[PDB]
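Protein chains in written order, with the deposited numbering: chain A, 1000 to 1003, 1 to 327; chain B, 1000 to 1003, 1 to 327.
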């Protein structure tokens, strides 16, 4: 009977935002990065994924938000599932059922929560009994940023130098996360963006300014960590803001140059500078798109939102607390 | 009689464009730059200015392209005219009649040709008998870029350290100029431009990445010079392109950040890249706004233009040769 036979698992993984950036792979196939990155896991946004391994199934199937996925996005997941099968030692195809609670049409990436939730769901389904480190590794090989979603609060992706040694790790932050929040200003550009994987490879391999990134990444890592250990919000905010801008400065040097940012991104940056002037500490970061994220203290969250509303539509403004706990298995 | 008394003169000065960029002032009031800059003087674009010193005149009068000028633009030229009067040792007000042969509504800058042409007209009108040096000084104190427009071909603005020692000088290029052209791709940006004066000041005084500029500028100067003397086109173009990108990279670090570039600027950069790939050497540069300028060998000028026309409207495309001769006194 099917119920005697099937192997299944369900998990929830939250999105994380990199404060010190992942930008450039050392190894493309294996997803080993050129540098460590430090993230914060966000409580409002997540992916819930169920996996069901079944010996009768002839091909993997994938439903996302109740829609059947075909094309290259199925191809992508079936390649990942071959890796999971290889690691688990099982040849069964799977039905994957996923629901994104991440606004992805708003340009917020789901890669991070999607591969972490699928990794944790397989570990459940196949009784892999993986440690957090091995779990993180399994997520990493589908998506770099997902390695870090195994953890709540602050996480560091250790670059390592092999599939075995590249994984994320919890950073001790002594509850610093509970005092913090992030605000997203969602931005609609009308050109299609450089895809992140292609964008970062072009820049890493081709940018005239990439050495600039490399010359300063290790100081930034150490600075952010020491600010985190010391609960120093302005010291954290400053490195992370300059880190993120340097990430973007690198794309200007690529052959040919490209940008993630549009004029509205800069209007958001101008408002956050005004907020600091006005006595409200907050610091901005951008990822592989024009959206702007603002790290704030919870005590000032509403005050930053009110200032943003003088200039931005209510429907462009989304916030989230930082969640302190990690990846959750369901039932 | 008026004709026995008045002092008048008329001059023609061409625009120049900076291949190694002027970006940041050491002294705002005297327009002494942080670094040397290297420009090419363009044939197609110029200003012709007549000045008439008359003793009954009660203020300065300014006509531009046959329109009486009023407001801040008049104030600006009357301030500069005070400096000319002080230097010459005359107290008469002047009528200034200027015609721009520069598409200024296309966002092409006239400050380079305008103050050189005004400075040369005054030098004639008042018999100052200025050396090329001192005329370049007089131009500099109205607009930094204008110091360079006293010369044809390739000019270097030597930063010096005071009003006396800051002026431009000719570069020996052994007629390298005669083989080269520049193509402008005019771009209509939605947002209003960050004004250059304020722009380079905010960046000079505030940018987290301004040191990066300064760390590489002396090399860029020496490399550009060496490539000019050797008539080495690819070598010159590679420095000037990277130089101009770094300039723009600096604005990204400012407090708050800003950019002169729009998506359409990046599109022209992609096309110049494809031209190189296709065997047509050409190199791009950007000033304090979204237009893209392309340095090309004249042998390939039509070939670059044909490629640009696959993506851009004909009316966006303007070209100029490099004029080998300097500032002209009319009669």
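Quick reminder that beta carbons are idealized off the backbone N, C-alpha and C, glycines included.
- Message: So within the region 287-318 of chain B, which uninterrupted alpha helix (DSSP H) runs reach at least 4 residues, ignoring any that extend past its ends?
- Response: 297-304
- Message: Here's the rule I'm using: 16 or more other beta-carbon atoms within 10 Å means buried, otherwise exposed. How should residue 289 of chain B be labelled?
- Response: Answer is buried; the Cβ neighbour count reaches 16.
- In chain order, what residues of the same chain lie with their CB nearer than 7 Å to the CB of residue 302 of chain B, ignoring the 5 residues before and after it? none
- Task: Run through the region 26-101 of chain A for me and flag every whole beta strand (DSSP E) of 3 or more residues, listed as ranges in chain order.
- Result: Whole beta strand (DSSP E) segments, 3+ residues: 33-49, 57-60, 90-97.
- Query: From residue 88 of chain A to residue 240 of chain A, what distance separates their C-alpha atoms?
  - Reply: 42 Å
- Item | Between the CA atoms of residue 96 of chain A and residue 196 of chain B - distance to the nearest angstrom | 44 Å
- Item | Closer than 8 Å to chain B by CB, residue 215 of chain A | no
- Query: Quick one: Cα of residue 231 of chain A to Cα of residue 243 of chain A, how far?
  - Reply: Their Cα atoms are separated by approximately 19 Å.
- Task: Pull up the distance between the alpha-carbon of residue 253 of chain A and that of residue 268 of chain B, whole angstroms please.
- Result: About 11 Å.
- Which one of B/198, B/300, B/113 has the shortest CA to CA distance from residue 22 of chain B? Among B/198, B/300, B/113, the Cα nearest to that of residue 22 of chain B is on B/198.
- Of all the CB atoms in chain B, is at least one closer than 8 Å to the CB of residue 254 of chain A? yes
- Item | Interfacial residues, the region 296-317 of chain B to chain A, with Cβ spacing under 8 Å | none
- Task: Report the residues of the region 261-292 of chain B with a CB closer than 7 Å to any CB of chain A, ordered along the chain.
- Result: 262, 265, 266, 269
- Message: Tell me which residue opens and which closes the beta strand (DSSP E) that residue 178 of chain A is part of.
- Response: 176-181
- Query: How big is the Cα-Cα spacing for residue 156 of chain A and residue 32 of chain A?
  - Reply: 9 Å
- Proximity to residue 258 of chain B [Cα-Cα], best of B/276, B/207, B/251, B/287: B/287
- Touching by the beta-carbon criterion (3+ pairs, under 8 Å), the region 28-48 of chain A and the region 307-325 of chain A: yes
- Message: So, at 6 Å on beta carbons, what are the nonlocal neighbours of residue 57 of chain B in its own chain, with the 5 sequence-adjacent residues on each side left out?
- Response: 91
- Message: When you compare the CB of residue 244 of chain B with every CB in chain A, is at least one pair closer than 8 Å?
- Response: yes
- Determine the chain B residues that contact residue 248 of chain A at a beta-carbon separation under 7 Å, and present them in chain order. Simply 241, 244, 245.
- Item | Members of the region 190-208 of chain A that neighbour chain B once the beta carbon cut-off is set at 9 Å | 204, 205, 208
- For residue 206 of chain A and residue 9 of chain A, the rounded distance between their alpha carbons: 32 Å
- Task: Consider the Cβ of residue 219 of chain A: report whether some Cβ of chain B lies at a distance smaller than 8 Å.
- Result: Not closer than 8 Å to any Cβ of chain B, the Cβ of residue 219 of chain A fails to qualify, so no.
- Taking 8 Å as the CB-CB limit, is residue 238 of chain A close to chain B? yes
- Message: Only counting the same chain, and skipping five residues up and downstream in sequence, which positions put a Cβ closer than 7 Å to that of residue 172 of chain A?
- Response: 224, 227
- For residue 186 of chain A, the first and last residue of its enclosing alpha helix (DSSP H): Premise fails: residue 186 of chain A is in no alpha helix (DSSP H) and is neither H nor E.
- Query: Nearest to residue 127 of chain A by alpha carbon, out of A/102, A/1002, A/158, A/163?
  - Reply: A/163
- Item | As assigned by DSSP and simplified to three states, the class of residue 209 of chain A | helix
- Quick one: which unbroken alpha helix (DSSP H) runs of 4-plus residues sit fully inside the region 94-171 of chain B? Chain order, please. 107-121, 128-136
- Message: Just checking: is the beta-carbon of residue 100 of chain A within a distance shorter than 8 Å of some beta-carbon in chain B?
- Response: no
- Message: Can you look up residue 9 of chain B in the DSSP assignment and give me helix, strand or coil?
- Response: strand
- Query: Interface residues of chain B around residue 259 of chain A at Cβ under 7 Å?
  - Reply: Those within 7 Å of residue 259 of chain A in chain B are 187.
- Three-state secondary structure assigned by DSSP to residue 23 of chain A: strand
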